[PDB]
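Working notes for the structure below.
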Amino acid sequence: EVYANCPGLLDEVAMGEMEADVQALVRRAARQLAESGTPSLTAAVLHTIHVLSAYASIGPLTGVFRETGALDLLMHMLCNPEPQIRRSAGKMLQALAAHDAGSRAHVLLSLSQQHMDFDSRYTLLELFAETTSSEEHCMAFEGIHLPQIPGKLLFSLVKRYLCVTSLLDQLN
Amino acid sequence: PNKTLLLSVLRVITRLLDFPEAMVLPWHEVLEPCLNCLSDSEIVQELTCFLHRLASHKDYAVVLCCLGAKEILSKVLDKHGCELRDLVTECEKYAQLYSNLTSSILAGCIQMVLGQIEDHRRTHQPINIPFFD
C-alpha cells in the first residue's frame, strides 16, 4: 500500500549505549532519591532528571527506555515529595508520550493503584491533561453544548479510557 | 412545577437533603435549570437555600461554580449564597481542567470507534462489540 500510494516515505550502537548509560544514571538518581534529605543531593537529582529527560528526547529508542525498566523508577519519582522535581518529571513523561502511548497508559495506570485526595485526583487529572496534549486527542470541539459531568464521574471515565487505550495498543 | 407546587417540592427537597447518600443518586439533575431560574420571592429564596445546602461534596459545588451563574447571583442579590460566592466563585482551575478533560474524552472515544471501523474493513469480519450499535 505504501508502494502504491506513497513510496518515497518508505548506528543504533550509540542509541543502546545511551540507553545503558541512562540506566546507570537512573540508578544514581534513585541513589540520590534515597539520599534526598539534603538539598545539595536534591539539586544534583534535579540535574540528573534533566539529563534523563534529554535522554528521553529521542524518538525511536522507546523500546529500550521501557526495557531498562525506567517506568517504575519514574513512578517512584512521581511519589517523591520533591515538587519541582515532580513537575520536571511530568514534563519528561509528556515528552516521552509523543513517541508511544502504551508507556503513558501503563505509567498512569500504575500511578492510580497507590476516596483519594482531591489533590491526588487533581494530580491524576493534570497528568492526563499532559497526556491529552497528544495529537490523538487533538481534535475540534463540537461547537455545540457539551454538558458538564461531575468530578468522580470524570475519574471513572479517565480510568476506563486509560485501560482501553492500553489494551488497544497491547493487541498489536 | 408551579410556584406553590414547586414550593412544596422545594420544601421536600430541602428536608430530605439530610441524607448521607442524597448525592449517591444522580444529584446533578436540574442544577443548571435551577441556576437558570435563579423569579418569585419563594423561588429565589428556595434557589438560594438549595445552593447553600449544596455549599457543603466540595467538587459538587465546584461543578456548580463551573456552571458559573455569578452574574445572575449578583442580580438576584441586588434584587433583595454569600458563602458560596466566597468559596465556589473565584476557583476556576477546576473549571478549565474539567472542560478540557471532557472534550478530550469525547474526541478520543470517537477516534477509537473510527479506527475499529477501518480495522474491520481490513479484516472483513463483521463488527461485534457490546453496546456499540
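Taking every C-alpha pair closer than 8 Å and separated by at least 6 residues, the mean separation divided by the residue count of region A:37-110 gives a relative contact order of 39 percent.
Counted by neighbouring Cβ atoms within 10 Å, the residues A:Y3, B:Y94 run from fewest to most as A:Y3, B:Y94. For A:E136, no residue has an amide H sitting under 5 Å from its own, ignoring neighbours fewer than 5 places away on the same chain, with H placed 1.01 Å from N.
Neighbour counts of C-beta atoms inside 10 Å place B:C65, B:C91 in the sequence B:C91, B:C65, starting with the fewest. Shown in residue order for region A:124-133 are the 3J(HN,Hα) couplings computed by the Karplus curve 6.51 cos²θ - 1.76 cosθ + 1.60 at θ = phi - 60°: 4, 5, 5, 4, 5, 5, 3, 5, 5, 5 Hz (x for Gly and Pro). Within straight-line reach of B:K3, meaning a Cα separation under 23 Å, sit the following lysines at least 8 residues removed in sequence or on another chain: B:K75, B:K79. Here B:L106 and B:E32 are evaluated by their C-beta separation; at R0 = 22 Å the FRET efficiency comes out at 0.70.
In the P(r) worked out for region A:1-109, what percent of Cα pairs fall beyond 18 Å?
Pairs farther apart than 18 Å: 51 percent.
Per residue, the convex hull spanned by the Cα atoms of the protein assembly as shown amounts to 200 cubic angstrom. Overall, the protein assembly as shown carries a charge dipole of about 660 debye about its Cα centre when +1 sits on the Cβ of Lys and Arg and -1 on the Cβ of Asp and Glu, all other atoms neutral.
Electrostatic tally near A:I85: other residues with Cβ closer than 15 Å to its Cβ, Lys and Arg +1, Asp and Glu -1, net +3.
Taking the charge dipole of the protein assembly as shown about its Cα centre, with +1 at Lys and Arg Cβ atoms and -1 at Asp and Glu Cβ atoms, the residue from B:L38, A:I144, A:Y55 reaching farthest to the positive side is B:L38. Taking a ≥ b ≥ c as the square roots of the eigenvalues of the Cα gyration tensor, region B:1-103 is oblate, since a/c reaches 1.5 or more and a/b is not larger than b/c.
For B:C91, nonlocal amide neighbours, meaning residues 5 or more places apart or on other chains whose placed amide H falls under 5 Å from its own, do not occur. Residue order for A:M75, A:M116, fewest other beta carbons within 10 angstrom first, comes to A:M116, A:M75.
A short reminder: the numbers here are calculations on the coordinates, not readings from a lab. Cβ: placed from backbone, ideal geometry, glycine included. Neighbour counts: every protein chain shown.
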